[PDB]
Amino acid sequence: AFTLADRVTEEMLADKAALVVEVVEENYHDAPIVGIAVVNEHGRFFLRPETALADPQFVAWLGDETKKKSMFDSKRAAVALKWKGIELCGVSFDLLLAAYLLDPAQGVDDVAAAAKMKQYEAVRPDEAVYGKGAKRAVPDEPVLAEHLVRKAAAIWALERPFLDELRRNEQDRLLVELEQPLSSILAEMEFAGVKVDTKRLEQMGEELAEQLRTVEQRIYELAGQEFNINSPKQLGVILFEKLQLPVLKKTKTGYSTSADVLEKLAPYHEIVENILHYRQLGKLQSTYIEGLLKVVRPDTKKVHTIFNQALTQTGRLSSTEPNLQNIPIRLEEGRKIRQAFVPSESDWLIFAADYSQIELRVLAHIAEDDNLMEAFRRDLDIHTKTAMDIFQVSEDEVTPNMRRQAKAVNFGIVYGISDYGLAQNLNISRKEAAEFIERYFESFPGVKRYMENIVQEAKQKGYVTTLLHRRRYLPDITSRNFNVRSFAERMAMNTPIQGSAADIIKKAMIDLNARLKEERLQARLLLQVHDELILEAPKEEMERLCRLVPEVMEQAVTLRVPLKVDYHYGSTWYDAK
């Protein structure tokens, strides 16, 4: 039983409570709060949001840091409250983040899934209450109130077993001193948003739309007919049946038309390069021009991404609506999209700082490979140095292609692709790709020892850990299916690297946020993109940020090799180059 409360009472304002501030819209920015549940020592309460959020006592309680609250996904509630001008403070336990740390593979995305991990089932899955997709809807107050109170009661009951297991895992500080403080920082970043120059995007979209119209009609003349170029099935009929082009790779449905195969088909027919060009432009047009414009808020002309802090199995952040971690950078045609991301105030600039090879540096530290550590202590170009060692040549004799291949090997450790994926990366036979790995391991015997030892440790312990004690369980490491086992082995290798790099960037973000307030700067964190932090700040703060930001990021952790940070500022994201 619970109290369907008409008025906020003092007993609802205890200094420890499980709190539910329910935002049902997936995108919680400027989104309705549909109800509020409080469970504490005095009872279980349901409050109507129009009532509670108009009560000065309740609002003050929400903002009192000394009034401790346990929640699930507090960032959703905090951001939704920010859009109403209300601060949420004192969240001392976030069940979503706790469950994520305990086992990222469970996919915990509602209270019921977290509660199941502790054999607590007195709460329904959110999707059973709200429905899915089209039929999604807020239910009537009795149904809604019961659900919110049950979620709050679950959070109340589950704090102690989650904290206990975190303590046993040595993840208590990881939760309380890293992920939870980071959650508040992400909330501010999402709420601030990034200003977009929508007229420049529209101008880009106009230039693409005319270039698409031209490549499109060229393709139809080359195909002798019109067809849906965006339809991989139809393009497959044109290329492989009508034009008799050789089939170099298959997919489950039919023949591949990936940029992979197309480049190898270009010498056979004029249409292929035009198809490729059409795919480039259409990717920019559909995903990046039209995609961004769809999610710019016309009130603020900002995009307000949502960082998902409890999703990746490595501890990396992901971001959605829009995903700003895949804005093109590699090709100039697509890099120019970043010119659309501008400072949100006049006479401010974008400041971007990025770790140089943090993943390989983490590997050098974790593997204690003398050669790799020395390379970073010498601040060498790691790809050039790797080519020198693999091919047994001096720096003067590294060709561009030798560096490209060494870079692909290093790439294949940072991500832990298969030797098959290396072979395919370098368009080289699987066997020659294998003697590349072997030459690498004789030049870097500490990395080899690390790969072997971490695989054994994953098998023996059942999981691998990162520098800050994030863990990833790898049950497939004992599998008899070769492909399933190999992937688990690669994850055993890659996760302490990628996850430790993620850990360092998170600590840097926390340290930078504290330092920015210490220094009384107006600079504000806007975006993290895996290895980069992007800020905006008055132009009068650039010079201080050039010293402060790299210092904070480089001192976030002490490794056996230096951390190196490159930084740039400019009038747009593009120009912060």
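Counting begins at 1, following the sequence as shown.
- Taking only CA atoms, the mean B-factor in the PDB entry is higher for 125 to 133 than for the other of 125 to 133 and 162 to 170.
- Comparing 450 to 458 with 264 to 272, the stretch with the higher mean C-alpha B-factor in the PDB entry is 264 to 272.
- Across the residues 252, 490, 507, 403, the deposited record lists the maximum Cα B factor for 252.
- The residue among 50, 536, 532, 551 whose C-alpha atom has the highest B-factor in the PDB entry is 50.
- Among the modelled residues of the chain, residue 348 sits in the middle third by CA temperature factor in this PDB entry.
- The PDB entry assigns residue 386 a C-alpha temperature factor belonging to the lowest third of its chain's modelled residues.
- Per the deposited record, the Cα B-factor of residue 212 falls in the highest third when ranked against the other modelled residues of its chain.
- Among the modelled residues of the chain, residue 360 sits in the lowest third by CA temperature factor in this PDB entry.
- In the PDB entry, residue 75 places in the lowest third of its chain by CA B-factor.
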